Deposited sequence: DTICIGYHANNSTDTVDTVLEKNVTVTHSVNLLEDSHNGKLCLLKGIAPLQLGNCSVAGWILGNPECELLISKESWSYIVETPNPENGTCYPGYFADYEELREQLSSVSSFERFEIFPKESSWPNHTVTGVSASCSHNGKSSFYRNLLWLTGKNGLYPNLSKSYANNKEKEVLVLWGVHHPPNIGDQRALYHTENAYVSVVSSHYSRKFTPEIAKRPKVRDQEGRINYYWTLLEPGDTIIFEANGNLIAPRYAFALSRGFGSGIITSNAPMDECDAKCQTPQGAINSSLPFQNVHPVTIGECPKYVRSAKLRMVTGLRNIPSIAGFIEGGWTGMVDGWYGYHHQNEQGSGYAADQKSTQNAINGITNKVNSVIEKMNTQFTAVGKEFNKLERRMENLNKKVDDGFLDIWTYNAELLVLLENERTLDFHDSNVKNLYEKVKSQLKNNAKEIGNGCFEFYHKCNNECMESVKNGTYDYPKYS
């Protein structure tokens, strides 16, 4: 029926947490913090406190990351990269094309005012803006070959100057192109020249792309203008047990078992209702406000725990309204059918416990 009083109850649900981000079993997580994922991978100038970190349990990001891409542009296939970067155990940053002796015929000291650091203009740390020297922009063709049984992430960019006078003063050509070819890839980008509204006081744009090499494959670059050549790459090493979580909680030094975007949980109660998104081996999520069983129960919780055993909630582009509504329909259904299964079991589990002792009294009555 309605709310009732019972002698001994154990609330499976838990609605209390320390409320602090902390260590997950002993490995400190990556803390992007004041910087975004797109800014971090490209090596934003004000994002240089994470160059040393190369091992994590999960990745954090503030709700409104202030600065990422310092130079305005459109990161192509952004939402797909976050999915591939969620399950990376640890990578290794190596200089794929050394600045000293990989571009000896061009100019590599190119900076812009929109990426100022300490009051001085700079650029990214994982990219190299090429420009002609002496008045010539020679044909470039650089090849790479991955031969170490590890996928390699490669990023580059294409430049779209605001007008035409800009182009011939940098690359000395009218119709440039950039070609990237692999064993299972092919593209041919061309610059687009038009006037755009100012963003960050710049009328130009730079589109950033990426590709994921495979062991034994070869990637070949070719361009005669408007190329932002790579300087560093990443040797990925896929793993499990991580993800992107948006949070603003302070950091602290403890040792928990799992993590939720609002805190960590140290308890053995089978259920929780703080948040469905979590990382680690820790209790499920039930949308009820109060769940209890009159004290069977240990087997009851584990009976439906196995069936329930990520809800990542992958971000979608602004032009994918059909996707998000499709995923919102899926996510809400699974979290509402499952909370009703556990709610109904309590009405059935507690009811059996009543006559379980009453029949004993009748059995005692016979005896």
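Residues of the deposited sequence with no modelled C-alpha atom fall in the ranges 1-20, 316-364, 379-380, 439-480.
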